[PDB]
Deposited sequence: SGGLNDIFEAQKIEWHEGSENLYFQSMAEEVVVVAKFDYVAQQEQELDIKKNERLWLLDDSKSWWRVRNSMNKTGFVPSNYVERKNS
C-alpha cells in the first residue's frame, strides 16, 4: 500500500523514533498521514495525526 518517495536533504535523527536519511535516498511512505509530536499532561510524548488536533 505504498509509494516510493525521495529524500530532498540529509536528515540527522534527533531521537530514536526518527529516521536517518541521506539526500536522494529512496524511501517508502504509506495512507500518507501527516503527524505532530505532542506531549500530554502525564509527560508522555508521541505522534498523533495532525488533523486530529487543533491549535
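By the record, the deposited chain contains unmodelled runs at 1 to 28, 59, 85 to 87, with no C-alpha atoms placed there.
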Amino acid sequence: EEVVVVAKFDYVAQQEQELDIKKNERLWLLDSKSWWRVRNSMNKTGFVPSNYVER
From here on, numbers count along this sequence of modelled residues.
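Between two forms, the rigid core is defined as the largest C-alpha subset superposing within 1.5 Å.
Once the structures in 7 other deposited structures of this protein are superposed via the core, the pair 34 to 42 and 20 to 28 is resolved in favour of 34 to 42 as the more displaced stretch (C-alpha RMS). Once the structures in 7 other deposited structures of this protein are superposed via the core, the pair 4 to 12 and 45 to 53 is resolved in favour of 45 to 53 as the more displaced stretch (C-alpha RMS). Once the C-alpha B-factors are averaged per stretch, 34 to 42 and 19 to 27 rank with 19 to 27 first. As recorded in the PDB entry, 5 to 13 is the stretch of 5 to 13 and 43 to 51 with the greater mean C-alpha temperature factor.
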